[PDB]
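Q: Pasting in a structure now, in structure tokens, and then I'll have a few things to ask.
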Amino acid sequence: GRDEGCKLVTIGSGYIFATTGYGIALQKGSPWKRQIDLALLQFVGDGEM
Amino acid sequence: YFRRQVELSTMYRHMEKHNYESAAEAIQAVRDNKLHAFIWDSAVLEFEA
Amino acid sequence: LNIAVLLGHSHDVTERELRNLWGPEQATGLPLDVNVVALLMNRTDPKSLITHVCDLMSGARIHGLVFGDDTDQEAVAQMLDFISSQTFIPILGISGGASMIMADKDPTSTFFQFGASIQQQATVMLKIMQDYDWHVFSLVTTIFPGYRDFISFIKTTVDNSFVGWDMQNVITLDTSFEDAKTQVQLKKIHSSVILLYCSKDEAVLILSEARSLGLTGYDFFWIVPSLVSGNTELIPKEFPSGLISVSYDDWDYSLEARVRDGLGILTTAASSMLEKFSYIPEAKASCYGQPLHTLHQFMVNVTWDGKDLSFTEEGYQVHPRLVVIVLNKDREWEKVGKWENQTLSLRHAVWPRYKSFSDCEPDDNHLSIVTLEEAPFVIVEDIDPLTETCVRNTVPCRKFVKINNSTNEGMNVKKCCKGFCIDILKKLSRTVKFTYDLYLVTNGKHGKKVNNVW
Amino acid sequence: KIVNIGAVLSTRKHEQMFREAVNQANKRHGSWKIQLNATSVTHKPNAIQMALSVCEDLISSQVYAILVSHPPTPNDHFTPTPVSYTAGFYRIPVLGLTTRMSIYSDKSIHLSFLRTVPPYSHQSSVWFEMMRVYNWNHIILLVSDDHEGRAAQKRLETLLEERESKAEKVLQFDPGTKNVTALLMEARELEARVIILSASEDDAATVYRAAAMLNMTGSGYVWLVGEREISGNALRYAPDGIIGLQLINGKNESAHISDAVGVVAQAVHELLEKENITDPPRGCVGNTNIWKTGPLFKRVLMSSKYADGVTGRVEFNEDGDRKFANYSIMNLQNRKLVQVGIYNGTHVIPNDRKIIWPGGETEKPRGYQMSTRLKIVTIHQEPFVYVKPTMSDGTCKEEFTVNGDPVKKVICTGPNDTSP
Amino acid sequence: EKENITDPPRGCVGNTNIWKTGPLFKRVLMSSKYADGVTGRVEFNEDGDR
Amino acid sequence: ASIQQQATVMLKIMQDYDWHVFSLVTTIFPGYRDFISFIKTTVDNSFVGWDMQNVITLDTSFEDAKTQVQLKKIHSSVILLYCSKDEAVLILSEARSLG
Amino acid sequence: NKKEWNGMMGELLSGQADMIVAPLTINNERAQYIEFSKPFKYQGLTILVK
Amino acid sequence: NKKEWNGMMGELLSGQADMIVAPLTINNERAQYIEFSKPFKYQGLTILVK
Amino acid sequence: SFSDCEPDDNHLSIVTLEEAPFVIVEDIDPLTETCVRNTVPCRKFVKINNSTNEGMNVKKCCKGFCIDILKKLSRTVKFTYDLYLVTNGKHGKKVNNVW
Ligand SMILES: *[C@@H]1O[C@H](CO)[C@@H](O[C@@H]2O[C@H](CO)[C@@H](O)[C@H](O)[C@H]2NC(C)=O)[C@H](O)[C@H]1NC(C)=O
Ligand SMILES: *[C@@H]1O[C@H](CO)[C@@H](O)[C@H](O)[C@H]1NC(C)=O
Ligand SMILES: *[C@@H]1O[C@H](CO)[C@@H](O)[C@H](O)[C@H]1NC(C)=O
Ligand SMILES: *[C@@H]1O[C@H](CO)[C@@H](O)[C@H](O)[C@H]1NC(C)=O
Ligand SMILES: *[C@@H]1O[C@H](CO)[C@@H](O)[C@H](O)[C@H]1NC(C)=O
Ligand SMILES: *[C@@H]1O[C@H](CO)[C@@H](O)[C@H](O)[C@H]1NC(C)=O
Ligand SMILES: *[C@@H]1O[C@H](CO)[C@@H](O)[C@H](O)[C@H]1NC(C)=O
Ligand SMILES: *[C@@H]1O[C@H](CO)[C@@H](O)[C@H](O)[C@H]1NC(C)=O
Ligand SMILES: *[C@@H]1O[C@H](CO)[C@@H](O)[C@H](O)[C@H]1NC(C)=O
Ligand SMILES: *[C@@H]1O[C@H](CO)[C@@H](O)[C@H](O)[C@H]1NC(C)=O
Ligand SMILES: *[C@@H]1O[C@H](CO)[C@@H](O)[C@H](O)[C@H]1NC(C)=O
Ligand SMILES: *[C@@H]1O[C@H](CO)[C@@H](O)[C@H](O)[C@H]1NC(C)=O
Ligand SMILES: *[C@@H]1O[C@H](CO)[C@@H](O)[C@H](O)[C@H]1NC(C)=O
Ligand SMILES: *[C@@H]1O[C@H](CO)[C@@H](O)[C@H](O)[C@H]1NC(C)=O
Ligand SMILES: *[C@@H]1O[C@H](CO)[C@@H](O)[C@H](O)[C@H]1NC(C)=O
Ligand SMILES: *[C@@H]1O[C@H](CO)[C@@H](O)[C@H](O)[C@H]1NC(C)=O
Ligand SMILES: *[C@@H]1O[C@H](CO)[C@@H](O)[C@H](O)[C@H]1NC(C)=O
């Protein structure tokens, strides 16, 4: 999406690949975790993501 | 999920009139031209295609 | 049966028609031993009431009491419920403090109040707010009794809002006004409808504090129930002209019809229990020197004099008569609305404002707005009868719809509107921070001067 | 210059200690010019004439303090209610010392009833602290009542909100029945063995007989009851190894009497520090309006912090109870109440006595089973859950996929297509 | 009529500190209401003029 | 230095530390017009985008009724106080009492 | 005046089952009531037409 | 530390100009100071490329 | 410790790694010494040379996707944070019980 000339389009869309996600690694024993999870699901659950 | 959001009110009023029990009912209805569109998960619809 | 009648000084009701409340009443008298004892009392002290209970209980076995109050002491109703847990006699609290909403009734008492619960009155008030489409509101609750289940019902109603009610958080006051911490809680309110939950003189003090701080504008509405208001005859100081109250003490539906219907219910209960069980008189002999067939779990289904006067499971009427009043500019609590059987009807759907609140409060905030039906701009649709609510991205409007082609009468139809100009008006009300007065045109199109007539 | 004090008390020794403590209260508390007097009522069985004597002795005396001081009344209803219901005519606080029920804990049912005796919700908080000690989460709650049971459930949800977690199972029923064994067998198949009970004597005896019949007195059963469950035949029916709680110095009468006198005395002196003090008038002579300094007196009383006390640091909470009261953890060993610990404040102090469980060792039995068996619920999902009727009886055809992988089916149980 | 009667000390001999009730005197003077006067009614704004 | 140069130094500190959400509490202390005016002509002329809360004014000895609310209308980070020294002691004691 | 759960959540929270093996709609509604795990499927919504 | 307008506004506000007859981009900021006429031309923006 | 008992637990030590669609770490404005307000400040522990280990903290600007996520979390969760960079390298690799 920023390629000069746009001569590179990858094979597939993750169908024959790992297809993982990205998250936030918190320390074991943090009370912030449920609040951060609710905030992320609010950020996805309204179209803002 | 659409009832929470800020602009999905008319589509909510349209979808609440003809809610279906199973997804196979929706498949048979859109197959028999009773429906014309259906919101559904993408890869399941690719498998059904 | 033998039923005692005692009152105070409510509505200047004479005792003569109370003594004459036996002749034409109960024309189909199947129980023979039905008599009345109709008296009065100078005072409202509960100890003398206990004295009269112990006098009349041994007074030829009186098996009934119909008591009404003129004051605002709800503890007298608690004393009568305690006596009904001792004498086990069905006692009807009619008006005043004898029928006020206490916290939690017990199954070990047969005392009955007339009216509805505080949650049903809150449902009626939220039905009023739904009919008037005022969605951004506040809730100020003190340590006034009955607060727990009332605030819980408000929270479950806002959490179950198909309307999408914007409730500002619960302003709590542990004590009276400190003028340090309670003032900050009063100045957090920027909503439209302020809901106050306290006693009468506490409401006078809170309205005086709000008027002294300028929190009593026509943007800042005030709706209180009957238990916050108190006596309908006494109107104290610092009331905004337009004070919405919901009560049931109508001067058109007076005390005499209430006590006649109550005696009709008691004689109906006596006749219904007489056809089922024989030994109906079962009472305590005398109060000195200390549960078979009662009427508490017996009169759930009853419809007396046509109107539904049935009993709830929590000791109230199923369908009472609700009266919604406001305050005019003449310091009078004027009757506005009544309640239907199932739903709620309102006479003044068009809402007056009663501008004379203070020395000067201008109506420059509101702007008269009229438009024409335009498919990309003014999208006009019906109101949903299943919800009776325009959804929150749409705004309601009124239309003067004429009935016939050669008449001068027309009604007002409220319809929903969405579109481009709706969004423009909403964003102008966000930025310029004004209020809108939206209605529809009845003469026709945009404009054309037909011989110096537009 | 005289002020009467209303007390529901009949013993002359406690009244002598009361008058001596009043003389102590008027001794060093400043140059204030009040004098104090006692007025106490004795035992009468007839509760109507009890309330009659109470209101005749409260109206005709101009009292400031009303102290109910008879817990073991011969009436099984145990109702000090009409005293507070009469004093609510002027919103006068009755400072009783008898009951420990959540139906009395309401500021809405009882208008201004203050006390220094806590209900069983504080015992539930002590049990929550004990669970914080033994590091347990999942419980089984059984409350026989419904009036105090809702307040106990709300206090339990408050403790869960402090935990920021949830409980497992709560139950309520109607007392008088005897086939609550089925609910205990439903609670058996859970993943915890922690039993919390809120009941009277009869319901406790019924569930102890049920525990004797359903083999609920084996190993791992964690029993946790309170005060109304360790009396009567339920004390006889209690299994050896059950844990009870008892607050110290409550059954000893005169010490908490003296603590109440110190609280009332310092409250009256800090009330009479300021000006414009009104008095509750005589309700029998022309006085039907409310006492105007009712909420003022409640602001003084509910915000009264104390550093004096025979029991300890007494202080009223947001509901009008004792902050951080002392408790004693008792255990039953061969039908003998053996003390196995105490609890002040926020900290548990177990003594050097054997904390013996109804099962095996003195260490805690973890009733959290390994849960080898699970229950899978599903819907007929069109890409995922393919449901086929069986061939003959409960059998599945061992079919293959396109790669020779056999389709490993499972014998599931499904309802009909349309439920109504 | 009110309390907190403070006096400005004699700064010439042995008095160096400031008069701490300055804004107290401003609260007294600048919030005065008038309904009588020979030349007319005086009234205080934020500036305190006629 | 003048009060404008010292305000320039303080806003240079705030620019080096990037505390964009701030406030301004000014009493009847002398030099208040040019001080607030220079804060206006520095923040409003800035390309940074400073989050400027409106000016809270304290007139006299506090009634602890309206001034308490005006102190509790501050939810920013930097609180700029403009008064004398003893008035700073009184305002910081009130802010410690109000949290 | 309470919205209760039915179906799979209504049977799980009542203790009738132990695990809902299903294409769970992980959202902000159900996160406020139960705890979650990591998703196995990464899938979007679209429109079926003819 | 003062921002000033110049150019056509600098020639207009000094009294050395009476009417700027020019299709000016009517924005919000320049209309906050002086009054503007009715926009006769409706014209947008575009990009010139080779 | 502004006072005796003050809970300060809303401070969150946050380190990140430079990624072109997510963590765009760029220079400061050389004319104003100011990050543009959609960016956030960061410090980078730049050592003197390869011989010594002590170094300074160069302040740089940060935009991108994860910066927007952090700003929206600071709007929602309402915490405080400190942003810096690690010089040990990439995301994570345990070199014989040494990450
Ligand atoms: C008995 O009561 C006191 C009441 O305070 C409690 O002691 C507290 O606990 C900590 C534990 O380290 C002690 O250091 C302090 O003396 C007390 N702190 C506070 C804030 O009160 C405790 O519940 C019991 N005694 C013990 C074990 O300290
Ligand atoms: C009591 O009776 C007198 C007349 O004897 C009357 O004037 C008074 O109003 C009565 N009291 C009340 C509460 O109405
Ligand atoms: C009243 O009548 C209806 C219909 O017969 C029935 O539900 C019941 O007998 C009464 N109402 C109650 C208690 O449900
Ligand atoms: C309401 O109920 C009364 C009494 O049953 C009845 O007479 C009246 O017609 C009803 N009105 C309507 C239409 O709801
Ligand atoms: C008015 O006139 C129209 C056209 O003749 C007719 O259809 C309608 O019934 C009349 N009634 C109304 C709406 O006033
Ligand atoms: C007036 O309108 C009503 C309602 O449509 C209709 O019933 C009536 O016939 C009309 N009047 C006439 C005579 O046109
Ligand atoms: C105290 O009260 C009792 C009972 O009312 C009374 O007999 C006695 O005289 C009183 N004593 C004094 C003087 O306070
Ligand atoms: C309780 O009821 C069930 C119903 O099946 C019965 O099997 C069981 O024996 C009963 N138990 C008691 C305690 O009577
Ligand atoms: C049940 O009773 C048996 C009797 O042998 C005993 O061994 C066991 O410990 C008891 N506990 C259980 C498993 O309920
Ligand atoms: C109650 O406590 C006091 C003080 O500790 C003690 O002297 C007295 O003996 C105790 N009384 C009883 C009944 O134990
Ligand atoms: C006594 O007077 C004060 C005013 O000085 C006022 O709060 C109220 O009228 C009374 N109550 C108390 C004790 O403050
Ligand atoms: C419990 O008893 C101890 C004895 O030292 C005392 O210090 C403590 O205050 C008591 N707790 C309370 C508040 O009852
Ligand atoms: C459930 O209902 C039908 C009704 O005919 C019954 O025959 C069958 O056993 C079940 N079938 C389905 C759809 O599960
Ligand atoms: C005197 O000053 C103190 C402290 O500001 C204040 O509490 C008190 O009300 C003042 N008294 C009067 C009326 O001057
Ligand atoms: C100002 O002039 C009017 C008209 O002469 C006069 O009545 C008024 O008294 C004057 N103002 C004063 C002196 O208050
Ligand atoms: C030491 O560090 C600098 C950068 O700070 C760079 O030129 C190179 O790494 C080394 N050279 C010297 C001596 O500057
Ligand atoms: C440190 O080592 C690197 C890699 O050899 C090289 O750039 C140069 O020798 C030194 N300078 C820095 C700080 O990179």
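In the structure tokens, the first chain shown is A, the next is B, and so on; residue numbers restart at 1 for each chain, and ligands run from 1 in the order shown.
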Could you tell me, counting only C-alpha atoms and all ligand atoms, which protein and nucleic acid residues lie no more than 12 Å from ligand 17, written as a list in words?

A: residues 45, 46, 47, 48, 49, 50, 51, 52, 53, 55 and 87 of chain I

Q: As an MDAnalysis selection string, could you give me every residue of chain A near chain B (at most 9 Å apart, counting only C-alpha atoms)?

A: chainID A and resid 45:47

Q: Using only N, CA and C atoms, please write the residues we just selected to a file, as a PDB file, in the first residue's frame.

A:
ATOM      1  N   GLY A  45     -15.729  -2.860  19.081  1.00  0.00           N
ATOM      2  CA  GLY A  45     -17.174  -2.981  19.048  1.00  0.00           C
ATOM      3  C   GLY A  45     -17.971  -1.734  18.709  1.00  0.00           C
ATOM      4  N   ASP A  46     -17.349  -0.760  18.046  1.00  0.00           N
ATOM      5  CA  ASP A  46     -18.066   0.427  17.607  1.00  0.00           C
ATOM      6  C   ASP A  46     -17.659   0.928  16.227  1.00  0.00           C
ATOM      7  N   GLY A  47     -16.787   0.221  15.512  1.00  0.00           N
ATOM      8  CA  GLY A  47     -16.310   0.675  14.223  1.00  0.00           C
ATOM      9  C   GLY A  47     -15.138   1.627  14.274  1.00  0.00           C
TER      10      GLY A  47
END

Q: Need to verify the contact set: residue D:260, 10 Å, only C-alpha atoms, exclusion of same-chain residues closer than 4 positions in sequence. Can you return it as a PyMOL selection string?

A: chain D and resi 67+95-97+115-116+254-256+264-266+309-310+314

Q: So which residues are near ligand 14, meaning at most 12 Å away with only C-alpha atoms and all ligand atoms counted, given back as a PyMOL selection string?

A: (chain E and resi 1-6+20-21+23-25+27-28) or (chain F and resi 60-64+90+94)

Q: The selected residues should be written to file as a PDB file, in the first residue's frame (atoms: N, CA, C and O atoms).

A:
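File written: result.pdb
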ATOM      1  N   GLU E   1     -20.959  44.632  63.505  1.00  0.00           N
ATOM      2  CA  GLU E   1     -21.974  43.590  63.630  1.00  0.00           C
ATOM      3  C   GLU E   1     -21.381  42.195  63.467  1.00  0.00           C
ATOM      4  O   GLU E   1     -21.915  41.230  64.024  1.00  0.00           O
ATOM      5  N   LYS E   2     -20.289  42.067  62.720  1.00  0.00           N
ATOM      6  CA  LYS E   2     -19.669  40.777  62.477  1.00  0.00           C
ATOM      7  C   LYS E   2     -18.481  40.575  63.416  1.00  0.00           C
ATOM      8  O   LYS E   2     -18.131  41.440  64.222  1.00  0.00           O
ATOM      9  N   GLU E   3     -17.854  39.411  63.301  1.00  0.00           N
ATOM     10  CA  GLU E   3     -16.748  39.014  64.152  1.00  0.00           C
ATOM     11  C   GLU E   3     -15.424  39.219  63.418  1.00  0.00           C
ATOM     12  O   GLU E   3     -15.372  39.863  62.363  1.00  0.00           O
ATOM     13  N   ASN E   4     -14.345  38.684  64.008  1.00  0.00           N
ATOM     14  CA  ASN E   4     -12.962  38.787  63.523  1.00  0.00           C
ATOM     15  C   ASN E   4     -12.527  40.251  63.422  1.00  0.00           C
ATOM     16  O   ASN E   4     -12.127  40.745  62.365  1.00  0.00           O
ATOM     17  N   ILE E   5     -12.617  40.941  64.558  1.00  0.00           N
ATOM     18  CA  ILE E   5     -12.299  42.364  64.643  1.00  0.00           C
ATOM     19  C   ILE E   5     -10.778  42.489  64.645  1.00  0.00           C
ATOM     20  O   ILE E   5     -10.126  42.285  65.671  1.00  0.00           O
ATOM     21  N   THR E   6     -10.206  42.823  63.493  1.00  0.00           N
ATOM     22  CA  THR E   6      -8.769  42.981  63.348  1.00  0.00           C
ATOM     23  C   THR E   6      -8.420  44.454  63.186  1.00  0.00           C
ATOM     24  O   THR E   6      -9.192  45.236  62.624  1.00  0.00           O
ATOM     25  N   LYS E  20      -3.426  40.989  57.232  1.00  0.00           N
ATOM     26  CA  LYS E  20      -3.859  39.758  56.582  1.00  0.00           C
ATOM     27  C   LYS E  20      -5.335  39.753  56.201  1.00  0.00           C
ATOM     28  O   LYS E  20      -5.743  38.912  55.393  1.00  0.00           O
ATOM     29  N   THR E  21      -6.141  40.654  56.756  1.00  0.00           N
ATOM     30  CA  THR E  21      -7.576  40.694  56.479  1.00  0.00           C
ATOM     31  C   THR E  21      -7.937  41.773  55.464  1.00  0.00           C
ATOM     32  O   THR E  21      -8.978  42.426  55.571  1.00  0.00           O
ATOM     33  N   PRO E  23      -8.453  41.207  51.916  1.00  0.00           N
ATOM     34  CA  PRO E  23      -9.630  40.685  51.195  1.00  0.00           C
ATOM     35  C   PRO E  23     -10.855  40.469  52.070  1.00  0.00           C
ATOM     36  O   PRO E  23     -11.971  40.457  51.537  1.00  0.00           O
ATOM     37  N   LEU E  24     -10.693  40.314  53.387  1.00  0.00           N
ATOM     38  CA  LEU E  24     -11.848  40.336  54.281  1.00  0.00           C
ATOM     39  C   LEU E  24     -12.521  41.704  54.267  1.00  0.00           C
ATOM     40  O   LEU E  24     -13.753  41.804  54.195  1.00  0.00           O
ATOM     41  N   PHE E  25     -11.717  42.771  54.297  1.00  0.00           N
ATOM     42  CA  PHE E  25     -12.247  44.125  54.192  1.00  0.00           C
ATOM     43  C   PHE E  25     -12.848  44.371  52.813  1.00  0.00           C
ATOM     44  O   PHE E  25     -13.833  45.108  52.687  1.00  0.00           O
ATOM     45  N   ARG E  27     -14.335  41.975  51.044  1.00  0.00           N
ATOM     46  CA  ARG E  27     -15.609  41.262  51.094  1.00  0.00           C
ATOM     47  C   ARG E  27     -16.652  42.067  51.857  1.00  0.00           C
ATOM     48  O   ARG E  27     -17.840  42.022  51.514  1.00  0.00           O
ATOM     49  N   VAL E  28     -16.227  42.798  52.889  1.00  0.00           N
ATOM     50  CA  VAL E  28     -17.156  43.649  53.632  1.00  0.00           C
ATOM     51  C   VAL E  28     -17.614  44.828  52.775  1.00  0.00           C
ATOM     52  O   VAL E  28     -18.814  45.094  52.648  1.00  0.00           O
TER      53      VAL E  28
ATOM     54  N   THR F  60     -11.807  37.302  46.747  1.00  0.00           N
ATOM     55  CA  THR F  60     -11.562  37.746  48.119  1.00  0.00           C
ATOM     56  C   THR F  60     -11.229  36.518  48.958  1.00  0.00           C
ATOM     57  O   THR F  60     -10.876  35.458  48.427  1.00  0.00           O
ATOM     58  N   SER F  61     -11.279  36.691  50.280  1.00  0.00           N
ATOM     59  CA  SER F  61     -11.236  35.565  51.203  1.00  0.00           C
ATOM     60  C   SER F  61     -12.384  34.611  50.900  1.00  0.00           C
ATOM     61  O   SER F  61     -13.531  35.035  50.732  1.00  0.00           O
ATOM     62  N   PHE F  62     -12.061  33.324  50.812  1.00  0.00           N
ATOM     63  CA  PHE F  62     -12.974  32.358  50.218  1.00  0.00           C
ATOM     64  C   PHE F  62     -14.153  32.060  51.139  1.00  0.00           C
ATOM     65  O   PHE F  62     -13.999  31.894  52.352  1.00  0.00           O
ATOM     66  N   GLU F  63     -15.345  32.015  50.543  1.00  0.00           N
ATOM     67  CA  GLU F  63     -16.553  31.596  51.240  1.00  0.00           C
ATOM     68  C   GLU F  63     -16.588  30.084  51.440  1.00  0.00           C
ATOM     69  O   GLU F  63     -17.345  29.599  52.291  1.00  0.00           O
ATOM     70  N   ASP F  64     -15.750  29.350  50.689  1.00  0.00           N
ATOM     71  CA  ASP F  64     -15.715  27.883  50.623  1.00  0.00           C
ATOM     72  C   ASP F  64     -17.064  27.321  50.169  1.00  0.00           C
ATOM     73  O   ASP F  64     -17.472  26.229  50.572  1.00  0.00           O
ATOM     74  N   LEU F  90      -2.569  29.836  51.778  1.00  0.00           N
ATOM     75  CA  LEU F  90      -3.996  29.586  51.990  1.00  0.00           C
ATOM     76  C   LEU F  90      -4.601  28.741  50.870  1.00  0.00           C
ATOM     77  O   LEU F  90      -5.382  27.819  51.137  1.00  0.00           O
ATOM     78  N   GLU F  94      -6.065  24.979  51.139  1.00  0.00           N
ATOM     79  CA  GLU F  94      -7.409  24.636  50.684  1.00  0.00           C
ATOM     80  C   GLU F  94      -7.376  23.496  49.672  1.00  0.00           C
ATOM     81  O   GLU F  94      -8.248  22.621  49.687  1.00  0.00           O
TER      82      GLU F  94
END

Q: At what distance in Å, to one decimal, does atom 9 (O, counted along the ligand's line) of ligand 2 lie from atom CA of residue C:96?

A: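 One can read the atom CA of residue C:96 to atom 9 (O, counted along the ligand's line) of ligand 2 distance as 16.3 Å.
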
Q: Set the cut-off to 8 Å, count only C-alpha atoms and all ligand atoms, and list whatever residues fall near ligand 9 as a ChimeraX atom specification.

A: /D:214-219

Q: Can I get the selected residues back with N, CA, C and O atoms, as a PDB file, in the first residue's frame?

A:
ATOM      1  N   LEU D 214     -27.429 -38.061  53.819  1.00  0.00           N
ATOM      2  CA  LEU D 214     -26.847 -38.007  52.483  1.00  0.00           C
ATOM      3  C   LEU D 214     -25.341 -38.225  52.471  1.00  0.00           C
ATOM      4  O   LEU D 214     -24.721 -38.012  51.424  1.00  0.00           O
ATOM      5  N   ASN D 215     -24.757 -38.639  53.606  1.00  0.00           N
ATOM      6  CA  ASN D 215     -23.311 -38.842  53.780  1.00  0.00           C
ATOM      7  C   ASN D 215     -22.535 -37.555  53.485  1.00  0.00           C
ATOM      8  O   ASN D 215     -21.500 -37.566  52.814  1.00  0.00           O
ATOM      9  N   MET D 216     -23.053 -36.428  53.969  1.00  0.00           N
ATOM     10  CA  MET D 216     -22.365 -35.149  53.856  1.00  0.00           C
ATOM     11  C   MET D 216     -21.470 -34.864  55.053  1.00  0.00           C
ATOM     12  O   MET D 216     -21.036 -33.722  55.230  1.00  0.00           O
ATOM     13  N   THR D 217     -21.198 -35.869  55.883  1.00  0.00           N
ATOM     14  CA  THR D 217     -20.319 -35.732  57.036  1.00  0.00           C
ATOM     15  C   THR D 217     -19.042 -36.548  56.867  1.00  0.00           C
ATOM     16  O   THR D 217     -18.404 -36.930  57.851  1.00  0.00           O
ATOM     17  N   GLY D 218     -18.660 -36.819  55.624  1.00  0.00           N
ATOM     18  CA  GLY D 218     -17.452 -37.569  55.347  1.00  0.00           C
ATOM     19  C   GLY D 218     -16.211 -36.702  55.364  1.00  0.00           C
ATOM     20  O   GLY D 218     -15.995 -35.932  56.304  1.00  0.00           O
ATOM     21  N   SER D 219     -15.387 -36.817  54.328  1.00  0.00           N
ATOM     22  CA  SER D 219     -14.144 -36.070  54.231  1.00  0.00           C
ATOM     23  C   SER D 219     -14.292 -34.929  53.235  1.00  0.00           C
ATOM     24  O   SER D 219     -14.949 -35.076  52.199  1.00  0.00           O
TER      25      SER D 219
END

Q: For atom CA of residue D:281 and atom CA of residue D:86, quote the distance in Å rounded to one decimal.

A: 13.3 Å

Q: Can you list, as a VMD selection string, every protein, DNA or RNA residue that comes within 12 Å of residue H:10 when you count only C-alpha atoms, leaving out same-chain residues fewer than 6 positions away?

A: chain H and resid 4 16 to 18 20 30

Q: Return as a ChimeraX atom specification every polymer residue, whether protein, DNA or RNA, with at least one atom no more than 8 Å from an atom of ligand 12; count only C-alpha atoms and all ligand atoms.

A: /D:309,311-315,322-326,344-345

Q: Write out as a short mmCIF file (atom, residue, chain, number, x, y, z; two decimals) with N, CA, C and O atoms, in the first residue's frame each polymer residue whose atoms come within 12 Å of stretch 6-20 of chain A, counting only C-alpha atoms; drop sequence neighbours fewer than 4 positions from it.

A:
data_model
loop_
_atom_site.label_atom_id
_atom_site.label_comp_id
_atom_site.auth_asym_id
_atom_site.auth_seq_id
_atom_site.Cartn_x
_atom_site.Cartn_y
_atom_site.Cartn_z
N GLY A 1 0.78 -1.22 0.00
CA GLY A 1 0.00 0.00 0.00
C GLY A 1 0.81 1.28 0.00
O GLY A 1 0.23 2.36 -0.01
N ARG A 2 2.14 1.17 0.03
CA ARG A 2 3.04 2.30 -0.17
C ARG A 2 4.11 1.96 -1.20
O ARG A 2 5.10 2.70 -1.31
N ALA B 43 -15.92 -16.80 5.71
CA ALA B 43 -15.37 -18.07 5.24
C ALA B 43 -16.42 -19.17 5.18
O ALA B 43 -16.32 -20.07 4.34
N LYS G 38 -8.20 -17.25 24.10
CA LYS G 38 -7.75 -16.72 22.82
C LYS G 38 -8.54 -17.33 21.67
O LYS G 38 -8.85 -18.53 21.71
N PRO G 39 -8.89 -16.53 20.67
CA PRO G 39 -9.72 -17.04 19.57
C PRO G 39 -8.95 -18.00 18.67
O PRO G 39 -7.75 -17.85 18.46
N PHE G 40 -9.67 -18.99 18.15
CA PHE G 40 -9.08 -19.89 17.17
C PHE G 40 -9.32 -19.44 15.74
O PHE G 40 -8.48 -19.68 14.87
N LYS G 41 -10.45 -18.80 15.48
CA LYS G 41 -10.83 -18.39 14.14
C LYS G 41 -10.66 -16.89 13.99
O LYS G 41 -10.94 -16.13 14.92
N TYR G 42 -10.17 -16.46 12.83
CA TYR G 42 -10.01 -15.04 12.51
C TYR G 42 -10.87 -14.77 11.29
O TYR G 42 -10.47 -15.06 10.16
N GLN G 43 -12.07 -14.23 11.51
CA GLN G 43 -13.09 -14.22 10.47
C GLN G 43 -13.88 -12.92 10.53
O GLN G 43 -14.04 -12.32 11.60
#

Q: Neighbours of ligand 5 at 12 Å or closer, counting only C-alpha atoms and all ligand atoms: which residues, as number ranges by chain?

A: C: 401-410

Q: Within 10 Å of chain F, which residues of chain C are there when counting only C-alpha atoms? Please give them as a ChimeraX atom specification.

A: /C:178-185,187-188,213
